[PDB]
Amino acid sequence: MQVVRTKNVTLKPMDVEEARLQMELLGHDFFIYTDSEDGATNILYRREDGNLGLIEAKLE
């Protein structure tokens, strides 16, 4: 079978500039946090483009 190793992380509030900083200090391609102003769950991620992409996960 296929085993997916889980990496547990605790969601925290911060600026998207902060998320970028922290993501890079780990070289991760994915950084999930809760937007400091908006309050919603955000996922900063590096596109195949190389550029950054920001996803907002609607708790809807």
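Quick note: we count residues from 1 along the sequence shown, nothing fancier.
Sorting the modelled residues of the chain by their CA temperature factor places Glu37 in the highest third. In the deposited entry, the Cα temperature factor of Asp49 sits in the top third of values across the chain's modelled residues. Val4: CA B factor in the middle third of modelled residues in this chain (values from the PDB entry). Compared with the other modelled residues of the chain, the Cα B-factor recorded for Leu11 ranks in the middle third.
Ranked against the other modelled residues of its chain, the C-alpha B-factor of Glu24 as given in the entry falls in the highest third.
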